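Everything below belongs to run.pdb, which stores PDB, C-alpha atoms.
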ATOM      1  CA  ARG A   1     -39.950 -61.987  43.346  1.00  0.00           C
ATOM      2  CA  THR A   2     -40.298 -58.190  42.756  1.00  0.00           C
ATOM      3  CA  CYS A   3     -37.814 -55.681  44.223  1.00  0.00           C
ATOM      4  CA  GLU A   4     -38.516 -51.954  44.684  1.00  0.00           C
ATOM      5  CA  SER A   5     -36.380 -48.848  44.924  1.00  0.00           C
ATOM      6  CA  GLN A   6     -37.569 -45.250  45.369  1.00  0.00           C
ATOM      7  CA  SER A   7     -37.260 -43.381  42.044  1.00  0.00           C
ATOM      8  CA  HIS A   8     -34.366 -40.944  41.847  1.00  0.00           C
ATOM      9  CA  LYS A   9     -36.043 -38.925  39.006  1.00  0.00           C
ATOM     10  CA  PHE A  10     -39.748 -38.707  39.891  1.00  0.00           C
ATOM     11  CA  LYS A  11     -40.727 -35.351  41.391  1.00  0.00           C
ATOM     12  CA  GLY A  12     -43.823 -34.488  43.455  1.00  0.00           C
ATOM     13  CA  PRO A  13     -46.626 -36.851  44.492  1.00  0.00           C
ATOM     14  CA  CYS A  14     -47.357 -40.038  42.594  1.00  0.00           C
ATOM     15  CA  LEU A  15     -51.017 -40.072  41.581  1.00  0.00           C
ATOM     16  CA  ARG A  16     -50.895 -42.191  38.394  1.00  0.00           C
ATOM     17  CA  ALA A  17     -48.966 -45.486  38.524  1.00  0.00           C
ATOM     18  CA  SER A  18     -48.073 -45.685  34.794  1.00  0.00           C
ATOM     19  CA  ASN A  19     -46.360 -42.252  35.019  1.00  0.00           C
ATOM     20  CA  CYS A  20     -44.144 -43.612  37.842  1.00  0.00           C
ATOM     21  CA  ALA A  21     -43.483 -46.759  35.701  1.00  0.00           C
ATOM     22  CA  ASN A  22     -42.588 -44.681  32.582  1.00  0.00           C
ATOM     23  CA  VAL A  23     -40.215 -42.441  34.585  1.00  0.00           C
ATOM     24  CA  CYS A  24     -38.743 -45.712  36.097  1.00  0.00           C
ATOM     25  CA  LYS A  25     -37.966 -47.100  32.625  1.00  0.00           C
ATOM     26  CA  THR A  26     -35.564 -44.131  32.087  1.00  0.00           C
ATOM     27  CA  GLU A  27     -33.745 -45.332  35.294  1.00  0.00           C
ATOM     28  CA  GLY A  28     -33.320 -48.868  33.874  1.00  0.00           C
ATOM     29  CA  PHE A  29     -36.253 -50.431  35.768  1.00  0.00           C
ATOM     30  CA  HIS A  30     -39.089 -52.716  34.371  1.00  0.00           C
ATOM     31  CA  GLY A  31     -42.109 -50.913  35.985  1.00  0.00           C
ATOM     32  CA  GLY A  32     -43.192 -48.742  38.927  1.00  0.00           C
ATOM     33  CA  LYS A  33     -45.922 -48.228  41.585  1.00  0.00           C
ATOM     34  CA  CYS A  34     -47.137 -45.354  43.792  1.00  0.00           C
ATOM     35  CA  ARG A  35     -46.668 -46.206  47.514  1.00  0.00           C
ATOM     36  CA  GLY A  36     -47.433 -44.978  51.061  1.00  0.00           C
ATOM     37  CA  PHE A  37     -49.073 -41.897  52.604  1.00  0.00           C
ATOM     38  CA  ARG A  38     -46.295 -39.681  51.140  1.00  0.00           C
ATOM     39  CA  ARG A  39     -47.276 -40.996  47.618  1.00  0.00           C
ATOM     40  CA  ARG A  40     -43.714 -41.839  46.551  1.00  0.00           C
ATOM     41  CA  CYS A  41     -42.890 -43.429  43.186  1.00  0.00           C
ATOM     42  CA  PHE A  42     -41.174 -46.820  43.534  1.00  0.00           C
ATOM     43  CA  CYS A  43     -39.327 -48.460  40.620  1.00  0.00           C
ATOM     44  CA  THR A  44     -39.815 -52.165  40.274  1.00  0.00           C
ATOM     45  CA  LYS A  45     -37.814 -55.021  38.799  1.00  0.00           C
ATOM     46  CA  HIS A  46     -37.043 -58.730  39.336  1.00  0.00           C
ATOM     47  CA  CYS A  47     -34.787 -59.590  42.294  1.00  0.00           C
TER      48      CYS A  47
END
Show me this structure written as structure tokens.
Amino acid sequence: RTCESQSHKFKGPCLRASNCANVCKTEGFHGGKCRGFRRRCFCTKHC
């Protein structure tokens, strides 16, 4: 199961998913995905 948490470091809109995922690695997360109408970066990792 994959858990998500809004990135504390990513600024502005999330247009490219791998950018969100690379910023998420610096927060200790596995990956990251852009989500919602507000285009927020969400950090992903196993639950």
Next on the checklist: Using Å and a single decimal, report how far CA of residue 1 (chain A) sits from CA of residue 13 (chain A).
Outcome noted: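 Taking CA of residue 13 (chain A) and CA of residue 1 (chain A), their separation equals 26.0 Å.
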Checklist entry - So what do you get for CA of residue 18 (chain A) versus CA of residue 38 (chain A), distance-wise? => result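 CA of residue 38 (chain A) lies 17.5 Å from CA of residue 18 (chain A).
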Checklist entry - Which residues fall under the PyMOL selection byres ((chain A and resi 10) around 10) in this file, as a ChimeraX atom specification? => result /A:6-9,11-14,19-24,40-43
Next on the checklist: Env of residue 44 (chain A): 8 Å cut, atoms = only C-alpha atoms, seq-sep filter 6 positions within chain, self excluded. Answer as a PyMOL selection string.
Outcome noted: chain A and resi 2-5+21+24+29-33
Write the residues you've just listed into a file as an mmCIF file, keeping the file's coordinate frame, and include C-alpha atoms for each of them.
data_model
loop_
_atom_site.group_PDB
_atom_site.id
_atom_site.type_symbol
_atom_site.label_atom_id
_atom_site.label_comp_id
_atom_site.auth_asym_id
_atom_site.auth_seq_id
_atom_site.Cartn_x
_atom_site.Cartn_y
_atom_site.Cartn_z
ATOM 1 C CA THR A 2 -40.298 -58.190 42.756
ATOM 2 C CA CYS A 3 -37.814 -55.681 44.223
ATOM 3 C CA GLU A 4 -38.516 -51.954 44.684
ATOM 4 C CA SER A 5 -36.380 -48.848 44.924
ATOM 5 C CA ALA A 21 -43.483 -46.759 35.701
ATOM 6 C CA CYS A 24 -38.743 -45.712 36.097
ATOM 7 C CA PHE A 29 -36.253 -50.431 35.768
ATOM 8 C CA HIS A 30 -39.089 -52.716 34.371
ATOM 9 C CA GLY A 31 -42.109 -50.913 35.985
ATOM 10 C CA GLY A 32 -43.192 -48.742 38.927
ATOM 11 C CA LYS A 33 -45.922 -48.228 41.585
#
Around all listed atoms of region 41-47 of chain A, padded 3 Å per side, what centre and edge lengths does the axis-aligned box have in Å to one decimal, as AutoDock Vina command-line options?
--center_x -38.8 --center_y -51.5 --center_z 41.2 --size_x 14.1 --size_y 22.2 --size_z 10.7
Item to check | Non-local contacts of residue 15 (chain A) (8 Å; all atoms listed in the file; under 2 positions in same chain excluded) as a PyMOL selection string | outcome: chain A and resi 13+17+34+39
